[PDB]
Asks: 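One structure follows; several queries about it will come next.
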2 protein chains.
Amino acid sequence: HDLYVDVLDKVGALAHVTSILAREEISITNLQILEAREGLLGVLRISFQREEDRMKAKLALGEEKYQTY
Amino acid sequence: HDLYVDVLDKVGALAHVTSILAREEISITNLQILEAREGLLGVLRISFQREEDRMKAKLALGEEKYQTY
Ligand SMILES: [Ca+2]
Ligand SMILES: [Ca+2]
């Protein structure tokens with residue numbers, strides 16, 4: 001169960017995204033930071049144990065205006 | 001280049017750890033959440049691109065009283 005989140009600032013977005021997951025009490029298994037080029041832009045790939053956790057994350061991140069897949 | 005951090009609250013500690021990394025402007029490549037039992041205790045395994053980033057992270061987390069390896 002994976003969710004991919006496009007981000008403009010890998011470092012700051014990582015902190016914001018994990019604070020959102022914490023507030024919603026969503027457990028994750030892994031967080032991978034992907035990039036096509038060196039620089040601050042990237043994709044956060046978040047892995048979950050359960051489908052329910054992925055959907056909860058998708059909703060919460062969507063509400064904070066992150067584009068998610 | 002990996003750093004292992006013991007935590008008491010996987011969900012909240014993940015947010016705290018990434019906020020510290022943000023404060024120090026440290027980029028990471030991966031974060032894996034490991035647990036021995038279902039429940040809040042665990043170990044965060046953090047991967048870095050460079051040795052300098054690992055050491056910077058180790059120092060900053062140490063200063064916030066996390067036990068690190
Ligand atoms: Ca609660
Ligand atoms: Ca700062």
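Lettering of chains follows the sequences in order, A, B, ..., and the numbering in each one begins at 1.
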Asks: What I want to check is whether the side chains of A:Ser27 and B:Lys10 have a donor and an acceptor closer together than 3.5 Å.
Replies: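 Looking only at side-chain atoms, B:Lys10 and A:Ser27 do not form any donor-acceptor pair under 3.5 Å.
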Asks: For A:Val11 and B:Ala22, work out which heavy atoms get closest and say how close.
Replies: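 Distance-wise, the nearest heavy atoms are CG1-CA, 3.6 Å.
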Asks: Under the side chain to side chain donor-acceptor pair (under 3.5 Å) test, which residues partner B:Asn30, sequence neighbours left out?
Replies: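 Applying side chain to side chain donor-acceptor pair (under 3.5 Å) to B:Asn30 gives A:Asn30.
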Asks: At what distance, to the nearest 0.5 angstrom, does CD of B:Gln32 lie from CD of A:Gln32?
Replies: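 Answer for the CD-CD pair, B:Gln32 versus A:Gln32, is 10.5 Å.
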Asks: Hey, could you give me the CD1/CG distance between B:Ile33 and A:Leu31, rounded to the nearest 0.5 Å?
Replies: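 CG of A:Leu31 is found 7.0 Å from CD1 of B:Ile33.
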Asks: Using a cut-off of under 4.5 Å on heavy-atom pairs, state which of A:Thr18, A:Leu14, A:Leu21 scores highest against chain B.
Replies: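 Max contact count across the listed options: A:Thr18.
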